[PDB]
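Listing of coords_23.csv; format and content: CSV, N, CA and C atoms and all ligand atoms.
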chain,number,residue,atom,x,y,z
I,2,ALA,N,56.4,59.1,153.9
I,2,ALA,CA,55.3,60.1,153.6
I,2,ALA,C,54.3,59.6,152.5
I,3,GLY,N,53.0,59.9,152.8
I,3,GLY,CA,51.8,59.4,152.0
I,3,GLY,C,51.9,59.7,150.6
I,4,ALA,N,52.4,60.9,150.4
I,4,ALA,CA,52.5,61.5,149.1
I,4,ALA,C,53.4,60.6,148.3
I,5,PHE,N,54.5,60.0,148.8
I,5,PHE,CA,55.4,59.3,148.0
I,5,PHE,C,55.1,57.8,147.7
I,6,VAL,N,54.3,57.2,148.6
I,6,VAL,CA,54.1,55.8,148.4
I,6,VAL,C,53.4,55.5,147.0
I,7,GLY,N,54.0,54.5,146.4
I,7,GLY,CA,53.5,54.1,145.1
I,7,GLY,C,54.5,53.5,144.2
I,8,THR,N,54.1,53.1,143.0
I,8,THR,CA,54.9,52.6,141.9
I,8,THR,C,54.9,53.7,140.8
I,9,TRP,N,56.1,54.1,140.5
I,9,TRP,CA,56.3,55.3,139.7
I,9,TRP,C,57.2,54.9,138.4
I,10,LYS,N,56.8,55.3,137.3
I,10,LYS,CA,57.5,55.0,136.0
I,10,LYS,C,58.1,56.3,135.4
I,11,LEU,N,59.4,56.2,135.1
I,11,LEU,CA,60.1,57.4,134.5
I,11,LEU,C,59.4,57.7,133.2
I,12,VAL,N,59.1,59.0,133.0
I,12,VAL,CA,58.5,59.5,131.7
I,12,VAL,C,59.4,60.5,131.1
I,13,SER,N,60.2,61.2,131.8
I,13,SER,CA,61.1,62.2,131.1
I,13,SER,C,62.4,62.3,132.0
I,14,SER,N,63.5,62.7,131.3
I,14,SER,CA,64.8,62.9,131.9
I,14,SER,C,65.6,64.0,131.2
I,15,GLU,N,66.1,64.9,131.9
I,15,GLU,CA,67.0,66.0,131.3
I,15,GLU,C,68.3,66.0,132.0
I,16,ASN,N,69.3,66.1,131.2
I,16,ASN,CA,70.7,66.3,131.6
I,16,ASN,C,71.3,65.1,132.4
I,17,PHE,N,70.7,63.9,132.3
I,17,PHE,CA,71.2,62.8,133.2
I,17,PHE,C,72.5,62.3,132.7
I,18,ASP,N,72.8,62.3,131.4
I,18,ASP,CA,74.1,61.8,131.0
I,18,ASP,C,75.2,62.8,131.6
I,19,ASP,N,75.0,64.1,131.5
I,19,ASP,CA,75.9,65.1,132.1
I,19,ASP,C,76.1,64.8,133.6
I,20,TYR,N,74.9,64.6,134.3
I,20,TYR,CA,75.0,64.3,135.7
I,20,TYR,C,75.9,63.1,136.0
I,21,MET,N,75.6,62.0,135.3
I,21,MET,CA,76.4,60.8,135.5
I,21,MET,C,77.9,61.0,135.2
I,22,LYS,N,78.2,61.7,134.2
I,22,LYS,CA,79.6,62.1,133.8
I,22,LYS,C,80.2,62.8,135.0
I,23,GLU,N,79.5,63.8,135.5
I,23,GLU,CA,80.0,64.6,136.6
I,23,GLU,C,80.3,63.8,137.9
I,24,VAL,N,79.4,62.9,138.1
I,24,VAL,CA,79.6,62.0,139.2
I,24,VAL,C,80.8,61.1,139.1
I,25,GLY,N,81.2,60.8,137.9
I,25,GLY,CA,82.3,59.9,137.6
I,25,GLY,C,82.0,58.6,137.0
I,26,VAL,N,80.8,58.4,136.5
I,26,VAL,CA,80.4,57.2,135.9
I,26,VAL,C,81.0,57.0,134.5
I,27,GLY,N,81.6,55.8,134.3
I,27,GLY,CA,82.3,55.5,133.0
I,27,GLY,C,81.3,55.4,131.9
I,28,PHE,N,81.8,55.6,130.7
I,28,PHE,CA,80.9,55.6,129.5
I,28,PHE,C,80.0,54.4,129.3
I,29,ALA,N,80.5,53.2,129.5
I,29,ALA,CA,79.7,52.0,129.2
I,29,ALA,C,78.5,52.0,130.1
I,30,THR,N,78.7,52.3,131.4
I,30,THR,CA,77.6,52.3,132.3
I,30,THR,C,76.6,53.5,131.9
I,31,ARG,N,77.2,54.7,131.6
I,31,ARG,CA,76.3,55.8,131.2
I,31,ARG,C,75.4,55.4,130.1
I,32,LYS,N,76.0,54.7,129.1
I,32,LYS,CA,75.2,54.3,127.9
I,32,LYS,C,73.9,53.6,128.3
I,33,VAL,N,74.1,52.5,129.1
I,33,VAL,CA,73.0,51.7,129.4
I,33,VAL,C,72.0,52.4,130.5
I,34,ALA,N,72.6,53.0,131.5
I,34,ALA,CA,71.8,53.7,132.5
I,34,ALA,C,71.0,54.9,131.9
I,35,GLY,N,71.6,55.6,131.0
I,35,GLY,CA,71.0,56.8,130.5
I,35,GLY,C,69.8,56.5,129.7
I,36,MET,N,69.7,55.3,129.0
I,36,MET,CA,68.5,54.9,128.3
I,36,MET,C,67.5,54.2,129.1
I,37,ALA,N,67.8,53.9,130.3
I,37,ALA,CA,66.8,53.1,131.2
I,37,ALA,C,65.6,54.1,131.5
I,38,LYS,N,64.5,53.4,131.6
I,38,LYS,CA,63.2,54.1,132.1
I,38,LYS,C,62.8,53.3,133.3
I,39,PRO,N,63.4,53.6,134.5
I,39,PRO,CA,63.0,52.7,135.6
I,39,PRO,C,61.7,52.8,136.2
I,40,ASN,N,61.3,51.8,136.9
I,40,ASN,CA,60.2,51.9,137.8
I,40,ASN,C,60.7,52.1,139.2
I,41,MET,N,60.2,53.0,140.0
I,41,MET,CA,60.6,53.2,141.4
I,41,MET,C,59.4,52.9,142.3
I,42,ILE,N,59.6,52.0,143.2
I,42,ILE,CA,58.6,51.5,144.1
I,42,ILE,C,58.9,52.0,145.5
I,43,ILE,N,58.1,52.9,146.1
I,43,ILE,CA,58.3,53.5,147.4
I,43,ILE,C,57.3,53.0,148.3
I,44,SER,N,57.7,52.5,149.5
I,44,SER,CA,56.9,52.0,150.5
I,44,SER,C,57.4,52.4,151.9
I,45,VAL,N,56.5,52.3,152.9
I,45,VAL,CA,56.9,52.7,154.2
I,45,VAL,C,56.3,51.7,155.2
I,46,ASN,N,57.1,51.4,156.2
I,46,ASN,CA,56.6,50.6,157.4
I,46,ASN,C,57.2,51.2,158.6
I,47,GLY,N,56.4,51.9,159.3
I,47,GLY,CA,56.8,52.6,160.5
I,47,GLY,C,57.9,53.6,160.2
I,48,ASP,N,59.0,53.5,160.8
I,48,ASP,CA,60.1,54.4,160.6
I,48,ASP,C,61.0,54.1,159.4
I,49,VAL,N,60.8,53.0,158.7
I,49,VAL,CA,61.6,52.6,157.6
I,49,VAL,C,60.9,52.8,156.3
I,50,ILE,N,61.6,53.6,155.4
I,50,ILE,CA,61.2,53.9,154.1
I,50,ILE,C,62.1,53.0,153.2
I,51,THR,N,61.4,52.4,152.2
I,51,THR,CA,62.1,51.5,151.2
I,51,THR,C,61.9,52.1,149.8
I,52,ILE,N,62.9,52.4,149.0
I,52,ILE,CA,62.9,52.8,147.7
I,52,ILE,C,63.5,51.7,146.8
I,53,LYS,N,62.8,51.0,146.0
I,53,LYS,CA,63.2,50.0,145.1
I,53,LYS,C,63.2,50.6,143.7
I,54,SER,N,64.3,50.4,142.9
I,54,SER,CA,64.4,50.9,141.6
I,54,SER,C,64.7,49.7,140.7
I,55,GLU,N,63.9,49.6,139.6
I,55,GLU,CA,63.9,48.4,138.7
I,55,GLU,C,64.1,48.8,137.3
I,56,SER,N,64.9,48.0,136.6
I,56,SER,CA,65.1,48.2,135.2
I,56,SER,C,65.8,46.9,134.6
I,57,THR,N,65.9,46.9,133.3
I,57,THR,CA,66.6,45.8,132.7
I,57,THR,C,68.1,45.9,132.8
I,58,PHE,N,68.6,47.2,133.0
I,58,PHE,CA,70.0,47.4,133.3
I,58,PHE,C,70.4,46.9,134.6
I,59,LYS,N,69.7,47.2,135.7
I,59,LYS,CA,70.0,46.9,137.0
I,59,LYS,C,68.8,47.2,137.9
I,60,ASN,N,68.8,46.6,139.1
I,60,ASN,CA,67.8,46.9,140.2
I,60,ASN,C,68.6,47.3,141.4
I,61,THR,N,68.1,48.3,142.1
I,61,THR,CA,68.7,48.7,143.4
I,61,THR,C,67.6,48.8,144.4
I,62,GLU,N,67.9,48.8,145.7
I,62,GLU,CA,67.0,49.0,146.8
I,62,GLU,C,67.8,49.7,147.9
I,63,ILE,N,67.1,50.7,148.5
I,63,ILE,CA,67.6,51.3,149.7
I,63,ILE,C,66.5,51.2,150.7
I,64,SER,N,66.8,51.0,152.0
I,64,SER,CA,65.9,51.1,153.1
I,64,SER,C,66.6,52.0,154.2
I,65,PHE,N,65.8,52.9,154.7
I,65,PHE,CA,66.5,53.9,155.6
I,65,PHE,C,65.5,54.5,156.5
I,66,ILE,N,66.0,55.1,157.6
I,66,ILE,CA,65.3,55.9,158.6
I,66,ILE,C,65.7,57.4,158.3
I,67,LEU,N,64.7,58.3,158.3
I,67,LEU,CA,65.1,59.7,158.1
I,67,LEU,C,66.1,60.1,159.2
I,68,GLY,N,67.1,60.8,158.7
I,68,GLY,CA,68.1,61.4,159.6
I,68,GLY,C,69.2,60.4,160.1
I,69,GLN,N,69.2,59.1,159.7
I,69,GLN,CA,70.1,58.1,160.1
I,69,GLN,C,71.0,57.8,158.9
I,70,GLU,N,72.3,58.2,159.0
I,70,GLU,CA,73.2,57.9,157.9
I,70,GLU,C,73.4,56.4,157.7
I,71,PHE,N,73.5,56.0,156.4
I,71,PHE,CA,73.7,54.6,156.1
I,71,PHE,C,74.6,54.5,155.0
I,72,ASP,N,75.2,53.2,154.8
I,72,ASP,CA,76.1,52.9,153.7
I,72,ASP,C,75.2,52.4,152.6
I,73,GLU,N,75.5,53.0,151.4
I,73,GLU,CA,74.7,52.7,150.2
I,73,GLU,C,75.8,52.3,149.1
I,74,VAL,N,75.4,51.3,148.3
I,74,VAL,CA,76.1,51.0,147.1
I,74,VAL,C,75.2,51.5,145.9
I,75,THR,N,75.7,52.4,145.2
I,75,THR,CA,75.0,53.0,144.1
I,75,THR,C,74.9,52.1,142.9
I,76,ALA,N,74.0,52.5,141.9
I,76,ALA,CA,73.9,51.7,140.7
I,76,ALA,C,75.3,51.6,140.0
I,77,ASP,N,76.1,52.7,140.0
I,77,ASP,CA,77.4,52.7,139.4
I,77,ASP,C,78.5,52.2,140.4
I,78,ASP,N,78.2,51.6,141.5
I,78,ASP,CA,79.1,50.9,142.4
I,78,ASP,C,79.9,51.8,143.2
I,79,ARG,N,79.5,53.1,143.4
I,79,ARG,CA,80.1,53.9,144.4
I,79,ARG,C,79.7,53.4,145.8
I,80,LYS,N,80.6,53.5,146.8
I,80,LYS,CA,80.3,53.2,148.1
I,80,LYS,C,80.2,54.5,148.8
I,81,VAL,N,79.0,54.9,149.1
I,81,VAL,CA,78.7,56.3,149.6
I,81,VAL,C,78.1,56.2,151.0
I,82,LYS,N,78.2,57.3,151.8
I,82,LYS,CA,77.5,57.5,153.0
I,82,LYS,C,76.3,58.4,152.7
I,83,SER,N,75.1,57.9,152.9
I,83,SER,CA,73.9,58.5,152.6
I,83,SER,C,73.1,59.0,153.8
I,84,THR,N,72.5,60.1,153.7
I,84,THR,CA,71.5,60.6,154.7
I,84,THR,C,70.4,61.2,154.0
I,85,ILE,N,69.2,60.8,154.4
I,85,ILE,CA,67.9,61.2,153.8
I,85,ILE,C,67.1,61.9,154.9
I,86,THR,N,66.6,63.0,154.6
I,86,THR,CA,65.7,63.8,155.5
I,86,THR,C,64.5,64.3,154.7
I,87,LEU,N,63.5,64.7,155.5
I,87,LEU,CA,62.2,65.3,154.9
I,87,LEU,C,62.2,66.7,155.3
I,88,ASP,N,62.3,67.6,154.2
I,88,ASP,CA,62.4,69.1,154.3
I,88,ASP,C,61.3,69.7,153.6
I,89,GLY,N,60.3,70.3,154.3
I,89,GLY,CA,59.2,70.9,153.5
I,89,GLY,C,58.5,70.0,152.5
I,90,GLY,N,58.3,68.8,152.9
I,90,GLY,CA,57.6,67.8,152.0
I,90,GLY,C,58.5,67.2,151.0
I,91,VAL,N,59.8,67.6,150.9
I,91,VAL,CA,60.7,67.0,149.9
I,91,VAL,C,61.7,66.0,150.6
I,92,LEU,N,61.8,64.9,150.0
I,92,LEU,CA,62.8,63.9,150.5
I,92,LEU,C,64.2,64.4,150.0
I,93,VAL,N,65.1,64.7,150.8
I,93,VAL,CA,66.4,65.2,150.4
I,93,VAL,C,67.5,64.1,150.8
I,94,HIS,N,68.1,63.7,149.8
I,94,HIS,CA,69.1,62.6,149.9
I,94,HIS,C,70.5,63.1,149.5
I,95,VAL,N,71.4,63.1,150.5
I,95,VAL,CA,72.8,63.4,150.1
I,95,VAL,C,73.7,62.2,150.2
I,96,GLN,N,74.5,62.0,149.2
I,96,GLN,CA,75.5,60.9,149.1
I,96,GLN,C,76.9,61.6,149.2
I,97,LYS,N,77.7,61.0,150.1
I,97,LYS,CA,79.0,61.6,150.3
I,97,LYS,C,80.1,60.5,150.1
I,98,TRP,N,81.1,60.8,149.3
I,98,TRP,CA,82.2,59.8,149.1
I,98,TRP,C,83.4,60.6,148.6
I,99,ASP,N,84.6,60.2,149.0
I,99,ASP,CA,85.8,60.8,148.5
I,99,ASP,C,85.8,62.3,148.5
I,100,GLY,N,85.3,63.0,149.5
I,100,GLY,CA,85.3,64.4,149.6
I,100,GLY,C,84.3,65.1,148.7
I,101,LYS,N,83.5,64.3,148.0
I,101,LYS,CA,82.5,64.8,147.0
I,101,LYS,C,81.1,64.6,147.6
I,102,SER,N,80.1,65.3,147.1
I,102,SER,CA,78.7,65.1,147.5
I,102,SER,C,77.8,65.3,146.3
I,103,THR,N,76.7,64.6,146.3
I,103,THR,CA,75.6,64.8,145.4
I,103,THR,C,74.3,64.8,146.2
I,104,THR,N,73.4,65.6,145.8
I,104,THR,CA,72.1,65.7,146.4
I,104,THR,C,71.0,65.3,145.4
I,105,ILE,N,70.1,64.5,145.9
I,105,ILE,CA,69.0,64.0,145.1
I,105,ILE,C,67.7,64.4,145.9
I,106,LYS,N,66.9,65.2,145.3
I,106,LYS,CA,65.7,65.7,145.9
I,106,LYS,C,64.5,65.0,145.2
I,107,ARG,N,63.6,64.4,146.0
I,107,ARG,CA,62.4,63.7,145.4
I,107,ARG,C,61.2,64.4,146.0
I,108,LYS,N,60.4,64.9,145.1
I,108,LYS,CA,59.2,65.7,145.5
I,108,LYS,C,58.0,65.3,144.7
I,109,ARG,N,56.9,65.5,145.3
I,109,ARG,CA,55.6,65.3,144.7
I,109,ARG,C,55.1,66.6,144.2
I,110,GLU,N,54.7,66.6,142.9
I,110,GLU,CA,54.2,67.8,142.2
I,110,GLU,C,53.1,67.4,141.3
I,111,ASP,N,51.9,67.9,141.6
I,111,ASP,CA,50.6,67.5,141.0
I,111,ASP,C,50.6,66.0,141.2
I,112,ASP,N,50.4,65.2,140.1
I,112,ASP,CA,50.3,63.8,140.2
I,112,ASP,C,51.6,63.1,139.8
I,113,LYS,N,52.7,63.9,139.8
I,113,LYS,CA,54.0,63.4,139.4
I,113,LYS,C,55.0,63.3,140.6
I,114,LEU,N,56.0,62.5,140.4
I,114,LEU,CA,57.1,62.5,141.3
I,114,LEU,C,58.3,63.1,140.6
I,115,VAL,N,58.9,64.1,141.1
I,115,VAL,CA,60.0,64.8,140.3
I,115,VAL,C,61.3,64.6,141.1
I,116,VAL,N,62.3,64.2,140.4
I,116,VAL,CA,63.6,63.9,141.1
I,116,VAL,C,64.6,64.9,140.5
I,117,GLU,N,65.3,65.7,141.3
I,117,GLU,CA,66.3,66.6,140.9
I,117,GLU,C,67.6,66.2,141.5
I,118,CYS,N,68.6,66.0,140.6
I,118,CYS,CA,69.9,65.4,140.9
I,118,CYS,C,70.9,66.5,140.7
I,119,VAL,N,71.8,66.8,141.7
I,119,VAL,CA,72.8,67.9,141.5
I,119,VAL,C,74.1,67.3,141.8
I,120,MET,N,75.1,67.6,140.9
I,120,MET,CA,76.5,67.3,141.1
I,120,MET,C,77.3,68.5,140.6
I,121,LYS,N,77.9,69.2,141.4
I,121,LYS,CA,78.7,70.4,141.0
I,121,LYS,C,77.7,71.3,140.2
I,122,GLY,N,78.1,71.8,139.0
I,122,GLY,CA,77.3,72.6,138.2
I,122,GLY,C,76.2,72.0,137.4
I,123,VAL,N,76.0,70.7,137.5
I,123,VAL,CA,75.1,70.0,136.7
I,123,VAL,C,73.8,69.6,137.5
I,124,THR,N,72.7,70.0,136.9
I,124,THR,CA,71.4,69.6,137.5
I,124,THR,C,70.6,68.8,136.5
I,125,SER,N,70.2,67.6,136.9
I,125,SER,CA,69.3,66.7,136.1
I,125,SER,C,67.9,66.6,136.8
I,126,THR,N,66.9,66.6,135.9
I,126,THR,CA,65.5,66.5,136.4
I,126,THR,C,64.9,65.3,135.7
I,127,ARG,N,64.3,64.4,136.5
I,127,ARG,CA,63.7,63.2,136.1
I,127,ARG,C,62.2,63.2,136.6
I,128,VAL,N,61.3,62.9,135.8
I,128,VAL,CA,59.9,63.0,136.1
I,128,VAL,C,59.3,61.6,136.0
I,129,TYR,N,58.5,61.2,137.0
I,129,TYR,CA,57.8,59.9,137.0
I,129,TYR,C,56.3,60.1,137.1
I,130,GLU,N,55.6,59.2,136.6
I,130,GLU,CA,54.1,59.2,136.7
I,130,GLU,C,53.7,57.9,137.3
I,131,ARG,N,52.6,57.8,138.0
I,131,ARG,CA,52.1,56.6,138.6
I,131,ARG,C,51.9,55.5,137.6
I,132,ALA,N,52.4,54.3,137.9
I,132,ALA,CA,52.2,53.2,137.1
I,132,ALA,C,50.7,52.8,136.8
I,201,LIG,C1,69.1,50.8,139.2
I,201,LIG,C2,68.5,51.2,137.9
I,201,LIG,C3,67.0,51.1,138.0
I,201,LIG,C4,68.9,52.6,137.4
I,201,LIG,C5,68.7,52.9,136.1
I,201,LIG,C6,69.0,54.2,135.7
I,201,LIG,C7,69.6,55.1,136.5
I,201,LIG,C8,69.8,54.8,137.9
I,201,LIG,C9,70.4,55.8,138.7
I,201,LIG,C10,69.6,56.5,139.6
I,201,LIG,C11,68.1,56.2,139.7
I,201,LIG,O1,67.3,56.8,138.9
I,201,LIG,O2,67.8,55.3,140.5
I,201,LIG,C12,70.2,57.5,140.4
I,201,LIG,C13,69.3,58.4,141.4
I,201,LIG,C14,69.7,58.3,142.8
I,201,LIG,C15,69.4,59.8,140.8
I,201,LIG,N1,71.5,57.8,140.4
I,201,LIG,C16,72.3,57.1,139.5
I,201,LIG,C17,73.7,57.4,139.5
I,201,LIG,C18,74.5,56.8,138.6
I,201,LIG,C19,73.9,55.8,137.8
I,201,LIG,CL1,75.0,55.0,136.6
I,201,LIG,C20,72.6,55.5,137.8
I,201,LIG,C21,71.8,56.1,138.7
I,201,LIG,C22,69.4,53.5,138.3

Rewrite the structure from the file as structure tokens, please.
Amino acid sequence: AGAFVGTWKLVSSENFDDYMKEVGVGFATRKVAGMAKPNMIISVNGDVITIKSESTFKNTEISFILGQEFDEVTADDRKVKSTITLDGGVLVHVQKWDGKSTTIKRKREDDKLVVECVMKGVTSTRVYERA
């Protein structure tokens, strides 16, 4: 989607440590990930969407087709089954592993990209602005 393409820099984050804890991330990884301010680079070619995330902590990349489940290795090394759909202009990403699920919604709001991460009762909100 047009709205998403770009290079995005994290400018604010709320509740991310709690989110990571709920997901099961160990303390040492939480410490470094929680202080990261990544750049997110979203691009599209035809049916394939690529989301690259870059930081001094680590880099990740996913490439996917909407509605096609794929295997993903997360930044914390979970091996998850991911499915990403476009729902009312929002990219909705569900990760499933070990009977658990987390949902990551990526939305365009004014000139920002807002990421809402939910695991059980924890909701984290991360805001990015154009680089
Ligand atoms: C790879 C580098 C750039 C990085 C730095 C900081 C946080 C993440 C991260 C993200 C993310 O913002 O890309 C996410 C999103 C899917 C919500 N989920 C995560 C879950 C567990 C852990 Cl430990 C880290 C992350 C990734």

#### Entry: Minimum-distance residue to ligand LIG 201 (chain I), chosen among I:79, I:8, I:67, I:48 (using all atoms listed in the file)
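That would be I:79, the residue with the smallest distance to ligand LIG 201 (chain I).
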
### Message
Applying 7 Å and only N, CA and C atoms, which residues near residue 44 (chain I) remain after dropping the ones on its own chain fewer than 3 positions away? List them as an NGL selection string.
### Response
:I and (5-7 or 49-53)

### Task
Can you check which residues of region 25-128 of chain I DSSP gives as alpha helix (DSSP H) on the backbone and send them as a list in words?
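Alpha helix (DSSP H) assignments inside region 25-128 of chain I correspond to residues 28, 29, 30, 31, 32, 33, 34 and 35 of chain I.
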
Residue subset to file, keeping N, CA and C atoms, as a compact mmCIF listing (two decimals), in the coordinates of the input:
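Below is the file that was written, out-v3.txt:
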# COMPACT_ATOMS: atom_id res chain seq x y z
N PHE I 28 81.80 55.60 130.70
CA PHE I 28 80.90 55.60 129.50
C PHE I 28 80.00 54.40 129.30
N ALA I 29 80.50 53.20 129.50
CA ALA I 29 79.70 52.00 129.20
C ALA I 29 78.50 52.00 130.10
N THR I 30 78.70 52.30 131.40
CA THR I 30 77.60 52.30 132.30
C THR I 30 76.60 53.50 131.90
N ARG I 31 77.20 54.70 131.60
CA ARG I 31 76.30 55.80 131.20
C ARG I 31 75.40 55.40 130.10
N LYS I 32 76.00 54.70 129.10
CA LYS I 32 75.20 54.30 127.90
C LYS I 32 73.90 53.60 128.30
N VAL I 33 74.10 52.50 129.10
CA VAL I 33 73.00 51.70 129.40
C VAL I 33 72.00 52.40 130.50
N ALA I 34 72.60 53.00 131.50
CA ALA I 34 71.80 53.70 132.50
C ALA I 34 71.00 54.90 131.90
N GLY I 35 71.60 55.60 131.00
CA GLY I 35 71.00 56.80 130.50
C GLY I 35 69.80 56.50 129.70

### Task
Select, from I:72, I:117, I:112, I:15, the residue with the minimum atom-to-atom distance to ligand LIG 201 (chain I), counting all atoms listed in the file.
I:117

Could you give me the axis-aligned bounding box of region 73-79 of chain I, with 3 Å of padding per side, as centre plus edge lengths in Å to one decimal, as JSON?
{"center_x": 77.0, "center_y": 52.4, "center_z": 145.4, "size_x": 12.2, "size_y": 9.0, "size_z": 18.0}

### Query
What is the CA of residue 23 (chain I)-CA of residue 128 (chain I) distance in Å, reported with one decimal?
20.2 Å

Pull the closest atom pair for each residue of chain I that gets at most 6.5 Å from ligand LIG 201 (chain I), along with the distance in Å to one decimal, counting all atoms listed in the file, ordering rows by chain and then ascending residue number, as JSON lines.
{"residue": "I:21", "atom": "CA", "partner": "I:LIG201", "partner_atom": "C18", "distance": 5.4}
{"residue": "I:26", "atom": "CA", "partner": "I:LIG201", "partner_atom": "CL1", "distance": 5.9}
{"residue": "I:30", "atom": "C", "partner": "I:LIG201", "partner_atom": "CL1", "distance": 5.2}
{"residue": "I:31", "atom": "N", "partner": "I:LIG201", "partner_atom": "CL1", "distance": 5.5}
{"residue": "I:33", "atom": "C", "partner": "I:LIG201", "partner_atom": "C6", "distance": 6.3}
{"residue": "I:34", "atom": "CA", "partner": "I:LIG201", "partner_atom": "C6", "distance": 4.3}
{"residue": "I:35", "atom": "N", "partner": "I:LIG201", "partner_atom": "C6", "distance": 5.6}
{"residue": "I:37", "atom": "CA", "partner": "I:LIG201", "partner_atom": "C6", "distance": 5.1}
{"residue": "I:38", "atom": "N", "partner": "I:LIG201", "partner_atom": "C6", "distance": 6.1}
{"residue": "I:39", "atom": "CA", "partner": "I:LIG201", "partner_atom": "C3", "distance": 4.9}
{"residue": "I:40", "atom": "N", "partner": "I:LIG201", "partner_atom": "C3", "distance": 5.8}
{"residue": "I:54", "atom": "C", "partner": "I:LIG201", "partner_atom": "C3", "distance": 3.8}
{"residue": "I:55", "atom": "C", "partner": "I:LIG201", "partner_atom": "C3", "distance": 3.8}
{"residue": "I:56", "atom": "N", "partner": "I:LIG201", "partner_atom": "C3", "distance": 4.0}
{"residue": "I:57", "atom": "N", "partner": "I:LIG201", "partner_atom": "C3", "distance": 6.4}
{"residue": "I:58", "atom": "C", "partner": "I:LIG201", "partner_atom": "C2", "distance": 5.7}
{"residue": "I:59", "atom": "C", "partner": "I:LIG201", "partner_atom": "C1", "distance": 3.8}
{"residue": "I:60", "atom": "C", "partner": "I:LIG201", "partner_atom": "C1", "distance": 4.2}
{"residue": "I:61", "atom": "N", "partner": "I:LIG201", "partner_atom": "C1", "distance": 4.0}
{"residue": "I:75", "atom": "C", "partner": "I:LIG201", "partner_atom": "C19", "distance": 6.4}
{"residue": "I:76", "atom": "C", "partner": "I:LIG201", "partner_atom": "CL1", "distance": 4.8}
{"residue": "I:77", "atom": "N", "partner": "I:LIG201", "partner_atom": "CL1", "distance": 4.2}
{"residue": "I:105", "atom": "CA", "partner": "I:LIG201", "partner_atom": "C15", "distance": 6.0}
{"residue": "I:118", "atom": "CA", "partner": "I:LIG201", "partner_atom": "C15", "distance": 5.6}

#### Entry: Residue with smallest distance to residue 121 (chain I) - pool I:106, I:9, I:62, I:24, counting all atoms listed in the file
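Closest to residue 121 (chain I) of all the choices is I:24.
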
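The two atoms in question, atom C of residue 25 (chain I) and atom C of residue 123 (chain I), are spaced 13.7 Å apart.
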
### Query
Contacts of residue 109 (chain I) at 9 Å or less, counting only C-alpha atoms, minus same-chain residues fewer than 3 places along, as a PyMOL selection string?
chain I and resi 4-5+90-91+112-116

### Task
To one decimal in Å, tell me the separation between CA of residue 32 (chain I) and atom N of residue 14 (chain I).
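Distance reported for this atom pair: 14.8 Å.
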
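Distance check against residue 103 (chain I) using only C-alpha atoms: of I:13, I:131, I:20, I:88, the minimum falls on I:20.
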
Can you sort out region 44-54 of chain I so it carries N, CA, C and O atoms, written as a CSV table (one decimal), in the frame of the given file?
chain,number,residue,atom,x,y,z
I,44,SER,N,57.7,52.5,149.5
I,44,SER,CA,56.9,52.0,150.5
I,44,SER,C,57.4,52.4,151.9
I,44,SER,O,58.5,52.7,152.0
I,45,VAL,N,56.5,52.3,152.9
I,45,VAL,CA,56.9,52.7,154.2
I,45,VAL,C,56.3,51.7,155.2
I,45,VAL,O,55.1,51.3,155.1
I,46,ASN,N,57.1,51.4,156.2
I,46,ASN,CA,56.6,50.6,157.4
I,46,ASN,C,57.2,51.2,158.6
I,46,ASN,O,58.4,51.1,158.8
I,47,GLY,N,56.4,51.9,159.3
I,47,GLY,CA,56.8,52.6,160.5
I,47,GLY,C,57.9,53.6,160.2
I,47,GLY,O,57.7,54.5,159.3
I,48,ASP,N,59.0,53.5,160.8
I,48,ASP,CA,60.1,54.4,160.6
I,48,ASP,C,61.0,54.1,159.4
I,48,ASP,O,61.8,54.9,159.0
I,49,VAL,N,60.8,53.0,158.7
I,49,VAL,CA,61.6,52.6,157.6
I,49,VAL,C,60.9,52.8,156.3
I,49,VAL,O,59.9,52.3,156.0
I,50,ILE,N,61.6,53.6,155.4
I,50,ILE,CA,61.2,53.9,154.1
I,50,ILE,C,62.1,53.0,153.2
I,50,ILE,O,63.3,52.9,153.3
I,51,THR,N,61.4,52.4,152.2
I,51,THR,CA,62.1,51.5,151.2
I,51,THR,C,61.9,52.1,149.8
I,51,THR,O,60.7,52.4,149.4
I,52,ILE,N,62.9,52.4,149.0
I,52,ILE,CA,62.9,52.8,147.7
I,52,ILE,C,63.5,51.7,146.8
I,52,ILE,O,64.8,51.5,146.9
I,53,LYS,N,62.8,51.0,146.0
I,53,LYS,CA,63.2,50.0,145.1
I,53,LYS,C,63.2,50.6,143.7
I,53,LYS,O,62.3,51.3,143.3
I,54,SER,N,64.3,50.4,142.9
I,54,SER,CA,64.4,50.9,141.6
I,54,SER,C,64.7,49.7,140.7
I,54,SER,O,65.6,49.0,140.9
